[PDB]
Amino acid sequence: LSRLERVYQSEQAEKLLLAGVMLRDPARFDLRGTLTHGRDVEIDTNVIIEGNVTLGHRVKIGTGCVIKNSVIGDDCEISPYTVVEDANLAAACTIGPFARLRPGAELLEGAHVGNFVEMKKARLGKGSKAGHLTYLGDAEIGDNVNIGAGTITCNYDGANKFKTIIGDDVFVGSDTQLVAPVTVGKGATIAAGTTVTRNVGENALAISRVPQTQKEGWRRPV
């Protein structure tokens, strides 16, 4: 079985080259299902396409990516070592390297997802960004929102999962915990480090911060 199915991977790689896809190495490509694509698609080494996948025009997929049952709009750039499962990307999204989209990730036009970021059942609005070290689960995020490094939707209480809704034009400071269910109004700002347990008004700053203090001459243990 193994050698035979490996041969069928060469066939596919070859047919893809003939149909105008740029494969960096046809010997390091795997298609387990069906791929539909537009023009000028570029696929790097060690990519694996699973299930039923569709790529628009000029999509670029970097080394090591795994894309399963997903829809990827024109001009998207998927950077190295990014895993995508049952997600939809609109045109001109940039994700990765080291991004992980679980089923139900919906990215709107121009959205950005950076390194060590995970999405599941979450929509990221147009031009919105989640650049670092973040989990967004069971969330609606509006357009032109900035999701600071370290932000986490607390969506699961051990019994049920609950929905977070963030409005347009929101700035989420780093290391914010969004305790679901919670809604953050359009234009609001969440201070870095905030534990958000209550709805935030439009154009409001939400904060839950102890003033910084200092003790002089502190010796660490030797």
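In this text, residue numbers run from 1 along the sequence as written.
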| Higher mean Cα B-factor in the deposited model: 186 to 194 or 153 to 161? | 153 to 161
| Stretch with the higher entry mean CA B-factor, where the candidates are 103 to 111 and 129 to 137 | 103 to 111
| For the listed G167, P26, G173, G64, which has the peak Cα B-factor recorded in the PDB entry? | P26
| Lowest, middle or highest third: where is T54 by Cα B-factor in its chain? | middle
| note | Chain thirds by Cα B factor, record data; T34 belongs to the highest
